[PDB]
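Structure first, then comments.
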Amino acid sequence: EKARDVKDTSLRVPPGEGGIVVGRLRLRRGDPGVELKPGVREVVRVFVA
Amino acid sequence: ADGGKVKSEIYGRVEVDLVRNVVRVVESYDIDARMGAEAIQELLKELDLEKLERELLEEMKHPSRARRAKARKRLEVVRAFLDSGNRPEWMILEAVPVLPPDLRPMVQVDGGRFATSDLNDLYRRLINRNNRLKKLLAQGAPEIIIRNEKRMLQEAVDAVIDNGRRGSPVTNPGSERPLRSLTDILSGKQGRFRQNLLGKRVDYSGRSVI
Amino acid sequence: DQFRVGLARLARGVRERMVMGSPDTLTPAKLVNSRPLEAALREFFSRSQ
Amino acid sequence: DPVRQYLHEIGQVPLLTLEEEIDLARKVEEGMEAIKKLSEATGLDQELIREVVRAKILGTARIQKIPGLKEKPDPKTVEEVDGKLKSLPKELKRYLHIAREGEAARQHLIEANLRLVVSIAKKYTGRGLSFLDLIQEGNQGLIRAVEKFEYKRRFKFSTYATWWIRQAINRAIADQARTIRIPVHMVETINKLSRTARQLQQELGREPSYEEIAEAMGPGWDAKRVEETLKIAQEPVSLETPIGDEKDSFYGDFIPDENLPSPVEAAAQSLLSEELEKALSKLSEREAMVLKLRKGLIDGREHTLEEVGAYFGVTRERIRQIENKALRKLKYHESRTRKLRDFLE
Amino acid sequence: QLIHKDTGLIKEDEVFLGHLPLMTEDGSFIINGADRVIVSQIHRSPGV
Amino acid sequence: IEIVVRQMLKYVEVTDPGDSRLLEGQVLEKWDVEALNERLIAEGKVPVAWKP
Amino acid sequence: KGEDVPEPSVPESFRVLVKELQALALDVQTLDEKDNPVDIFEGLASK
Amino acid sequence: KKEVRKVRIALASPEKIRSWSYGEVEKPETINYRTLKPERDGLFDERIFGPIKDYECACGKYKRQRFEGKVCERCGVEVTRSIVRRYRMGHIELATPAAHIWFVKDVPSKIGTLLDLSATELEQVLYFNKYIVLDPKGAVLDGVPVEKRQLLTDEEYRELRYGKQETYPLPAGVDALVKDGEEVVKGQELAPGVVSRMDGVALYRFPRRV
DNA sequence: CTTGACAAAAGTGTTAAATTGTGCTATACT
DNA sequence: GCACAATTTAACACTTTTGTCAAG
Ligand SMILES: [Zn+2]
């Protein structure tokens, strides 16, 4: 198996917390009307009902 | 001077004069009054616990209850240093023990921002002064600057020990949060004794409503 | 209260700029400041009990 | 209290009249030239005789017994010089006392203008050096201004001194300050950037943007460079910062440990190190060895084909094929037993 | 307005201060994008 | 409660150390000085007086 | 694997406690059954 | 490998602490602002406390347990487990000896009871304020000879080692009715408005005419 | 298991670019 | 705040080792 430079950094919902998804709000920096912390490309925000 | 002719008949500091062609002597006694931890170290290093023992013994049998009491409460500590077999001069430290890195961690968290213990900054702001001083004691600087610079050493060192037992505790600039020193970790409710020894979080456990 | 006590910290940042530089050419546009006030309010609206 | 202390100790000495000042610099430089004339006599170094003067002035054996565990031998390289310069005619002798008093006056000068230095460092608070600590680093910047001064220039020592006070102070704040270490130019360049930020935020009234702030900075500056150095700007975070609305909580304990193996990880690496052993047993004797010689399972170090071939006596070509058939031979047993099909992350 | 003490020259020139959070309809501000509230305080009144 | 009280009185103040190496007013435990005097009586030396 | 749990040794909070005391110029020595030196840090701080 | 039934506690001495330390932390720096590696002498420096990574020297020439404990000839780091950084301490060599605030400000104050001083006086003494006598060398203060353990101040100290001197102000244009280097008496006039307060040798200071 | 032929990878040496460490200026100002 | 020596780094020309292929 090829050892890829990149590894999985993903975000999996914690235990006991489960449901559906009623929201998608992703704000990447350099976008209009959004200022992001220095050293941060983008940020993703999901809602769970 | 004068190849064995004029000779001062009194103690004192001698003063050379190129203009008035005179060796004038100013009345004074060469005394060693040294002020500081160095002097205290001298005394403590010259002390005879044995002498003071056999002396305080005779001192304690004095009829007056007061003197007898102070003599007791003195020979107490003396005897401690006797039976223990420890020298009091060690109480004046020349080499400050530095605590290991993982004991005073500095590590980055999510987002990238860093973090560090207060004892790090303490152990740093110490070396700064103890260094500048070492440069001054070399390059020939006036006693005022030395006595003051050396003062901030005795206080900084103590700040890394018990911070707050003297004056307003040193805090990171801009914040009122006192720096935690060596003694700050031990004593106290949440200290390394009560929270990390006589009780601790465990493995294989959990909880819920009843 | 926090606005005024925070504004006095600006008043001092005023009295240190005028007393030096070029006392002839000056405008409050160079004599005022944001942070002594801005941070003063931002502090209250968060950390206070 | 050390604070009032220093102030009162410097308040124990008068300053200087213009006369006293000019005279100070005069005698000081007369001593500094006196030593220079002594170097041409007994044939010694410029600084040798110089320091040895302090060895009889600045104190007794206390000056050479603690400049560190090593500075320069006191009874050897000095005492011989304290007597080597001792036998000289009346012509050369005076130039010694001029060195003692000349170098002496220096101290007077420093002590005098000390009431200046302290009042200088006074407007620099906030650097992260509380007064005395800040003032001290400035006092040494007086010692530089002194020995390099020139009375001949008919300039009040104040002007020359002040600049060397600000130099030293601005040097310490870039060499200490923040918990982490920051090379000097970069520390300054930060200050330059913030200096611009608070400026055009003042003119335009609204805070700038990473692009325009860099625009007003100069050539080569872009929207990224400013944010780039801005990341490095911010310092660490106190691990003692209380989290939550309580008084019993900290920020330190909220940090895990990755620098140490977890029990599940020890058991994991154990299962791999075991299952691989038994899975190794099912191979040809030569290839079973050669296999763990190419993966560094033996001495921990990896052995190239050139070494393996020299180990058995074959070529670097044979070993190569040996590995090919090896791994692929365990392939068959693994595609079955499925014991090691795991550990795939 | 910045005015000279001697020159008698007047210089006004409006400037900027900062950003002051505004209260919503319900009565709770928004700090750092979070909905917070300012609870009332109580202490003895000034005087003799 | 009794246990606690017992721990409350378990220290005595020395009066006339006697032939012991103790000192006047050198406060120590109960059992300690007890065993001290115990041996001292056997060694022929004079015991130590004390106040609970 | 089923074997009964071994016998633990250093709580490790205590080791840190001891080193923290060492930073105070406090010599903390562990003994055994007869007034004898016991190394609680295996080959670590020995120098 | 041996039972642990007893735990002692003593006073560490400087020469002992020197034995503890694996190095003297010189540079009061944490880490590089870029490489995030411990600074050359930094308080986290691997070269003394230990490797940040298991069985790897800094430069990375010895990367495996094959070489264990062997000190690197390039970086200078001992190849071993990265856990050693929790138990390997440092030390800082002080130019001027200092005391431990514990014994100083402690309720009975050990160093205070030994030396037979008071917490109030030993306070200024150790903190570089008032001098303390050591071997008076036949000295005297206000008629009563000073002895060891006594506490002096700046004035009296210099007054006994540098002698006593009295400055007299002269308003411009006025002259001294006394010759330079001539012996004056208390109460005697040196100028029309200048009155000598001590017997001794007066001296001109910055003459305005010749 | 074995040669010879090769390209990719890992060395080894000298440079151009950059990054960092330093001394310093002069109306006066204590 | 700046001219600049000091030292580090990325830059790159190029040599040698090491994985590798078609054929014995
Ligand atoms: Zn190495």
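Ligands are numbered from 1 in the order shown, residues from 1 within each chain, and chains are lettered A, B, ... in the order they appear in the structure tokens.
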
Expected answer as a PyMOL selection string: residues within 7 Å of ligand 1, only C-alpha atoms (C1' of nucleotides) and all ligand atoms: chain H and resi 57-62+72-77

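When DSSP reads the backbone of this structure, the residues of segment 6-39 of chain G it assigns to helix (DSSP H, G or I) are residues 13, 14, 15, 16, 17, 18, 19, 20, 21 and 22 of chain G.
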
Within 12 Å of residue 32 of chain G, counting only C-alpha atoms (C1' of nucleotides), which residues show up once you throw out same-chain ones fewer than 2 positions away? Write them as a PyMOL selection string, please. (chain G and resi 29-30+34-40) or (chain H and resi 1-8)

Report the distance between atom CA of residue 77 of chain B and atom CA of residue 58 of chain B in Å, rounded to one decimal place.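 One can read the atom CA of residue 77 of chain B to atom CA of residue 58 of chain B distance as 16.7 Å.
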
At most 10 Å to chain G: residues in chain B, only C-alpha atoms, as an MDAnalysis selection string: chainID B and resid 90:91 93 95:100 102:104 160:162 182:183 185:186 192:193 196:197 200

Would you mind reading off the distance between atom CA of residue 285 of chain D and atom CA of residue 268 of chain D, one decimal, in Å?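 Those two atoms sit 27.2 Å apart.
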
Mind checking which residues fall within 10 Å of residue 35 of chain A, counting only C-alpha atoms (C1' of nucleotides), ignoring those fewer than 5 positions away in the same chain, and posting them as a list in words? residues 27, 28, 29 and 30 of chain A; 209 and 210 of chain D

DSSP on the backbone: what in chain G comes out strand (DSSP E), as a ChimeraX atom specification? /G:26-31
